[PDB]
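Listed below are the residues making up each chain.
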Amino acid sequence: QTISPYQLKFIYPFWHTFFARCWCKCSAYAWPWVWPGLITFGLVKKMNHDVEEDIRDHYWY
Amino acid sequence: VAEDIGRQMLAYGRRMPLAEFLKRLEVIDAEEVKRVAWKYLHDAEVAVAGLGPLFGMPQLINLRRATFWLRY
Ligand SMILES: CCCCCCCCCCCCCCCCCC(=O)OC[C@H](COP(=O)([O-])OCC(O)COP(=O)([O-])OC[C@@H](COC(=O)CCCCCCCCCCCCCCCCC)OC(=O)CCCCCCCCCCCCCCCCC)OC(=O)CCCCCCCCCCCCCCCCC
Ligand SMILES: CCCCCCCCCCCCCCCCCC(=O)OC[C@H](COP(=O)([O-])OCC(O)COP(=O)([O-])OC[C@@H](COC(=O)CCCCCCCCCCCCCCCCC)OC(=O)CCCCCCCCCCCCCCCCC)OC(=O)CCCCCCCCCCCCCCCCC
């Protein structure tokens, strides 16, 4: 059974189910994408902190 | 004939004589057909029912947009 698109609300259904769809997508991506990203971000900071200290142990008096 | 009498008495409230029907049918030409179809059938809603091996059936929207032409 299918209804003609000229006889349906076609934007309200998107928002009626917004919270359920957003929960499903964001829950799926959390562990696999976010957890490795936080680790990569931290490594970027540790790297930049060791570069500065290494410049002063060689050039500063 | 009896079916024609009874059916017309309920539908129209009267029986139409044969001569009247033929007079109304005579003055309908191609330009009057175009007027009526443009008003009721052109770019209109359709309903569909089917049964059997229907793997190659058109989409409802295909049938809906075949009610108008893009040529002209
Ligand atoms: C941040 C940028 C992104 C955009 C903004 C953010 C996104 C949301 C904006 C708000 C739009 C949605 C409004 C609510 C829903 C409306 C439809 C509807 O069904 O509502 C009634 C419906 C209930 O009604 P109903 O009684 O059940 O059914 C009634 C209908 O018959 C039901 O019938 P239907 O379901 O078949 O549909 C009805 C139909 C009929 O709707 C109408 O009423 C017809 C309206 C005709 C006009 C259409 C809009 C055209 C606008 C173009 C721009 C202007 C041009 C003019 C010249 C401008 C010159 C400056 O609806 C429409 O067609 C919707 C038209 C609006 C489209 C959105 C336009 C947004 C942008 C506007 C500005 C342009 C962009 C900027 C560029 C220009 C400036 C630089 O309620 C809902 O749908 C729930 C509402 C809750 C949802 C809204 C959530 C908002 C918050 C989330 C977003 C937060 C920001 C972004 C976060 C993410 C990024 C970080
Ligand atoms: C420097 C930059 C300059 C760039 C400028 C280039 C030109 C840009 C053109 C922009 C056009 C935008 C409007 C698009 C509407 C298309 C026509 C339409 O409504 O189709 C309805 C047509 C039938 O609708 P229906 O709902 O099935 O039936 C309703 C009625 O019951 C059916 O009632 P019916 O039986 O009376 O109707 C039968 C149907 C006949 O239906 C058919 O049997 C199929 C019709 C063919 C598909 C529609 C034409 C568009 C196909 C795109 C081809 C692009 C090739 C790219 C190659 C580039 C090489 C560099 O009648 C027609 O539509 C006849 C054609 C009308 C005369 C020609 C005007 C339209 C041509 C549009 C442009 C294509 C030529 C560009 C070539 C570029 C070469 C450099 O829809 C389809 O066939 C479905 C798919 C359509 C896809 C459309 C894609 C549009 C893209 C156009 C852009 C062209 C790309 C140019 C690239 C340039 C790079 C250098």
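This deposited entry lists cryo-EM as its structure determination method and 1.8 Å as its resolution.

Glancing now at the layout of surface pockets. Each pocket or cavity is described by its volume, and for the largest pocket that value is around 200 Å³. For the largest pocket, the full set of lining residues is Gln1, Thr2, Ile3, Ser4 and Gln7 of chain A together with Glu45, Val46, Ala47, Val48 and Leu60 of chain B. Among the residues forming the lining of the largest pocket, the class breakdown is five nonpolar, four polar and one charged. Taken as a whole, the second largest pocket holds about 150 Å³ of empty space. Where the lining of the second largest pocket is concerned, the elements lending two or more residues are helix 1 (2-11) and helix 2 (18-26) of chain B.

On to a nonpolar patch on the surface, then. Where nonpolar side chains cluster on the molecular surface, the patch consists of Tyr29, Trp31, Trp33, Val34, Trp35, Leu38, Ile39 and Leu43 of chain A and spans about 1000 Å² of accessible area. Position of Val34 of chain A relative to the elements: it lies in helix 2 (residues 18-59).

Basis of the calculations
Residues numbered from 1 in each chain as written, not as in the entry; some residues may be left out. Chains lettered and ligands numbered in written order. Part of a larger assembly, values for the part shown. Heavy atoms only, no water. 1 Å grid on protein atoms, 1.4 Å probe; cavity = no way out; pocket = protein on both sides within 12 Å on 5 of 7 lines; lining within 4 Å. Points joined across faces, edges and corners; volume = space filled by probe spheres on them. Nonpolar A, V, L, I, M, F, W, Y, C, P; charged D, E, K, R; others polar. Helix = DSSP H or I, 4+ residues; strand = E, 2+ residues; numbered from the N terminus. Patch = residues over 30% accessible without salt bridge, like charges linked within 9 Å, V, L, I, M, F, W, Y side chains within 5 Å. Areas by Shrake-Rupley, 256 points an atom, 1.4 Å probe, with all protein chains shown as cover. Salt bridge = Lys/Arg side-chain N within 4 Å of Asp/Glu carboxyl O.

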